[PDB]
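Residue numbers (the working numbering), protein chains in the order written: chain A, 1 to 281; chain B, 1 to 281. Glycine included, every Cβ here is placed at the ideal spot set by N, Cα and C. First comes the structure, then the notes that go with it.
Written out as C-alpha cells, the structure is:
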C-alpha cells in the first residue's frame, strides 16, 4: 500500500535519527510493531501525524503509542463490563454530561488559567462488545496538566456518583471500578492504533467546552460538527501543541526481540503440560 | 386562498359558539383582525392551531393573540436598541447561554417539580432591524407557571449581569431595560401572527433543557433538530397542553382594515404641524 510505503520511508530514511534507547524519558513516540522508540521534535511529530492520518483513513494496521510524561493532555481509559453484548447507546446527552462532570474535577484541581478558554473532549469507542467487555477513551489533548494533577482528577472521577449513574443507565455493571487509575501514566494509543490482538477505537463524538473565570457558572458544551475536516491523529494527540482545532491551554504545574522470526517456538512453549517436573525440568 | 377560506369557515360556522364578551376572563384567544374574543376548549384550540399552522406555512396575514391568564407557559419579550441596522448574529452558543441563565431564575423561584423533566425554549426574531430597533421572543410554552412567579422571574432576569453581557456583545445599547417587565401579563402573539403594522417573528432556534432534582448540576441544553416536523403554532402556544414536542411540566402555584390604501393617507397626514387647528379645524 502506497501510504504504508510512504510511512516506512519517513520512519527508516528520516526519523531513524531520533531513535531513543530503551527506558529513555526523552521518548515521546513508541512504534510497538517495529519495537522502535523516538524523541520527535514538534516539526517531525506533525509529519508523522500526516502519514499516520493517511494510513488511518485507509484502515492500515498501526500500533503507535505516545508517552504522557510529566506535562501533557488528559486521557481517561474506561474498561466496561456490560449487561449484554450490545454496544451501549452512548448518545450526545450522556457523553455531554460526562464532559461536564470531568470538567468539575479539573476545575476543583485549581490549576486552570484565568480568562476564557476552549477545551475539546473526544470519545473513541471499542468497535464491538466481546463477552460483555466494552471500552471508551476520553481524550482532552489540549488541556496540558501535570501528571500528579491527572492522578488527582482520575481519583475524584472514580468516586463521582453522577458518572456512576450515567454508566449504570448505559448497562455498565462495574461503574465503581471501570476507570483505569493509571490513565495518567500509561502510554496512550495514537488515534487509528491498537494492541495487535484488538481493533482501533473509533471517534464517535467530540465536544467543545468553553470556560470563563469571570463567569464560572456558564460552561457551554457543544458537539464539534466538522471533525472530518481536521487531521484526527494530530488533534487527538495528548503531546501535540501544533493542532489546528486543538490549541493548548497550559495549567499550573521485554528484551528477547524475536523480530517476527524466533517467537514461533514461544507459540509452542506454552502448551507443554510440564507443570510437575521430577525428571522433566 | 384555500387555507384562509378554511380558517374563515372554522371561525364563523363552528367556533362562533365560543365567542366571549369584552373583558371576559374565560377568553384564551383574541383575533385582533376580526376583533373577536373566544374561550376555546382544548379540542377546538387544536383545530384552530392546525388551520393557523397551514395559514402560517403560506405566509397569510394573522393577528391572533393568546391570553396568559394566571397559570401558563413563560414568554420573554425583548425590545432591543442596536449599535447598527444589521441583524445581530444570535448564534446557538449565545442563545444556549441565555436559556441556562433564564433557567437559573426559574430554579431559584423554587416552583419546579421534583424528578426529571424536559422543557423547550424557542427564540422567534423580528425579521429585520428598523432604525436600530430589534426584537426577539423567548417562549417556554410547556413550563406552566403562576403569573406572580413569571413576574418574579422577569424581575430577576432584568438585573442578570451575564444576560446583559451576552446582549452587549450582540450590539445591544439597552441591555438593562430591553426585557418588557409586563411579559408575564400581556397577551402573546401566536406563531405566524403580528400587529398589523409589523411582520411576524420567525423561529430561528429551539433548545431542549433537561433538569433532574437528583442531579441538579447536570443541565444539558441541545438544539431541537426536527422543528419543521411539528405544528409550530401548537408547540409554541403558552396555553396549549396537548402539544407533541412540548409536554407540560406543572410548577407549584381599534379596527383599521386599511387594505394597503389608507396607510398612504396616514403617511401623508402626520407630517403637517396642524395637530392643533385654530383656523383649520
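*Using a beta-carbon distance cut-off of less than 9 Å, what residues from the segment 86 to 98 of chain B approach chain A?*
92, 93, 96 and 97
*Decide yes or no for the touch test of the segment 37 to 49 of chain B against the segment 102 to 114 of chain B: beta carbon pairs closer than 8 Å, at least 3 of them.*
no
_Short of 8 Å in beta carbon distance, which residues of its chain neighbour residue 84/A, apart from the five on each side in sequence? Order them along the chain._
129, 132 and 171
*Please check if any C-beta of chain A sits within less than 8 Å of the C-beta of residue 198/B.*
no
*For residue 160/A and chain B, any beta-carbon pair shorter than 8 Å?*
Chain B, which has no Cβ nearer than 8 Å to the Cβ of residue 160/A, makes this no.
*For residue 105/A, return the contacting residues in chain B, with the cut-off set at a CB-CB distance below 8 Å.*
Under the 8 Å cutoff, chain B gives no residues; its nearest Cβ is about 12 Å from residue 105/A.
*Taking DSSP as the reference, what is the three-state secondary structure of residue 151/B?*
helix
*If residue 278/A sits next to residue 236/A, beta carbons under 8 Å apart, how far is it from one beta carbon to the other, in whole angstroms?*
Rounded, the Cβ-Cβ distance is 55 Å, inconsistent with contact.
*Could you tell me the distance, in whole angstroms, from the CA atom of residue 19/B to the CA atom of residue 37/B?*
6 Å
*Segments of 3+ residues assigned as beta strand (DSSP E) that fall wholly inside the segment 168 to 232 of chain B*: Counting only runs of at least 3 residues, the segment 168 to 232 of chain B fully encloses the following beta strand (DSSP E) elements, listed from N- to C-terminal order: 202 to 212 and 221 to 223.
*What residues from chain A crowd round residue 220/B, counting only those whose CB sits closer than 7 Å?*
Correct list: 93, 96 and 97.
_If contact is defined by three or more beta carbon pairs under 8 Å, each pair taking one atom from either stretch, is the segment 242 to 256 of chain A in contact with the segment 140 to 149 of chain A?_
Short answer: they touch.
*Contacting positions in the segment 113 to 137 of chain B - beta carbon closer than 9 Å to chain A*: none
*Over what stretch of residues does the alpha helix (DSSP H) that includes residue 49/A continue unbroken?*
From DSSP, the alpha helix (DSSP H) with residue 49/A extends over 42 to 57.
*Quick one: does residue 151/A have its CB under 8 Å from some CB of chain B?*
no
_Helix, strand or coil at residue 105/B according to DSSP, with G and I counted as helix_ = Residue 105/B falls in the helix class under three-state DSSP.
*Rounded to whole angstroms, how far is the Cβ of residue 53/A from the Cβ of residue 187/A, which I believe are closer than 8 Å?*
Wrong, their Cβ atoms sit about 19 Å apart, outside the cutoff.
*Determine the DSSP secondary structure at residue 256/B, reduced to helix, strand or coil.*
coil
*residue 100/B versus chain A: which residues are under 9 Å apart at the beta carbon?*
217, 218, 219 and 220
_Neighbour flag for residue 57/A against chain B, beta carbons, 8 Å_ = no
*Might you give, ordered along the chain, the residues of its own chain that have their beta carbon closer than 7 Å to the beta carbon of residue 70/B, omitting 5 neighbours on each side?*
Excluding five sequence positions before and after residue 70/B, the CB atoms of its chain that fall closer than 7 Å to its own CB belong to 146 and 147, given in chain order.
*Which bits of chain B does residue 204/A rub up against, with CB to CB less than 9 Å?*
Correct list: empty, because the minimum Cβ distance to chain B is about 16 Å.
*Report the three-state DSSP secondary structure of residue 139/B (helix, strand or coil).*
strand
*Identify the continuous alpha helix (DSSP H) that holds residue 3/B and give its terminal residues.*
That run of the alpha helix (DSSP H) goes 2 to 9.
*asked:* Check for me: the alpha helix (DSSP H) holding residue 265/A runs from which residue to which?
replied: 264 to 267
*Please compile the residues from chain B whose C-beta is within a distance smaller than 7 Å of the C-beta of residue 225/A.*
Correct list: empty, because the minimum Cβ distance to chain B is about 11 Å.
*Using 10 angstroms around the beta-carbon of residue 33/A, count the other beta-carbons present and answer buried if the total reaches 16, otherwise exposed.*
exposed
*Beta-carbon proximity list for residue 256/B, same chain, < 7 Å, skipping 5 on both sides*: 196
*Run the CB neighbour count on residue 240/B, radius 10 Å, all protein chains shown included, and call it buried at 16 or more, exposed below.*
buried
_Where residue 72/A falls: helix, strand or coil (DSSP)_ = The answer is strand: DSSP assigns residue 72/A an E or B state.
*Provide the residue(s) that pair with residue 116/B in DSSP beta bridges, ordered along the chain.*
Partner residues in the beta bridge of residue 116/B, as assigned by DSSP, are 212/B.
*State the CB to CB distance for the pair residue 123/B and residue 225/B, rounded to an integer number of angstroms; the pair is presumed to be in contact (CB under 8 Å).*
Rounded, the Cβ-Cβ distance is 15 Å, inconsistent with contact.
_Classification of residue 275/B by the beta-carbon crowding that lies within 10 angstroms, buried from 16 upward_ = exposed
_Exposure label - residue 289/A; buried when at least 16 CB within 10 Å_ = Within the shown structure, residues of chain A are numbered from 1 to 281, placing residue 289/A beyond reach of any answer.
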